[PDB]
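> enclosed are the sequence and the experimentally obtained structure.
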Amino acid sequence: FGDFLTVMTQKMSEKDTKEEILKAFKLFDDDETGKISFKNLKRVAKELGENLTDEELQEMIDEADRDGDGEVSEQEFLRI
């Protein structure tokens, strides 16, 4: 989630170093369950500041889902 944040804002000097993985994922899951899938990445890509393409958001899922099934859960959020 750190590289997706810097990519969507486009300003390479903004806020945090650690802590941001827990604050960015918990403000992403509005239902409080704790599971981000590729469709919620589309909602946040448009609402942040500078939107990406379908293929580029899927490279962000592959770096985030190393121990999962195509979505980032609680175990890849706390692994920090």
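The structure has been received and is ready for your questions. Numbering: from 1, shown residues only.
> now do the contacts for the residue lying closest to residue 2 once chain neighbours are set aside.
Distances taken as Cβ to Cβ, 6 or more residues apart in numbering place residue 20 nearest to residue 2, at 6.1 Å, with adjacent residues excluded. For every residue, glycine as well, the C-beta is placed using N, CA and C. Residue 20 makes contact with 1, 2, 5, according to Cβ atoms under 8 Å, 6 or more residues apart in numbering.
> enumerate the positions of stretch 28-45 that are buried.
28, 29, 36, 40, 41, 44, 45 (16 or more other Cβ atoms under 10 Å).
> other SSEs contacting the helix or strand where residue 62 lies?
Assigned by DSSP states H and E, residue 62 belongs to helix 54-64. Counting by 3 or more Cβ pairs under 8 Å, 6 or more residues apart in numbering; DSSP states H and E, the packing neighbours recorded for helix 54-64 are helix 2-9, helix 38-48, strand 71-73.
> which of these sits closest to residue 56?
Residue 56 lies closest, by Cβ to Cβ, to one member of the helices and strands packed on helix 54-64: helix 2-9, at 7.9 Å.
> returning to that earlier point: export the contacts of residue 20 to JSON lines and tack on distance to residue 55?
As requested, the contacts of residue 20 are exported to JSON lines (distance: Cβ to Cβ, whole Å):
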{"residue": "1", "distance to residue 55": "19"}
{"residue": "2", "distance to residue 55": "20"}
{"residue": "5", "distance to residue 55": "19"}
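> just the buried residues of these.
Buried among the contacts of residue 20 by 16+ other Cβ under 10 Å: 1, 5.
> ok, so of the contacts of residue 20, who is nearest residue 14?
Using Cβ to Cβ, the contacts of residue 20 come closest to residue 14 at residue 5, 8.1 Å.
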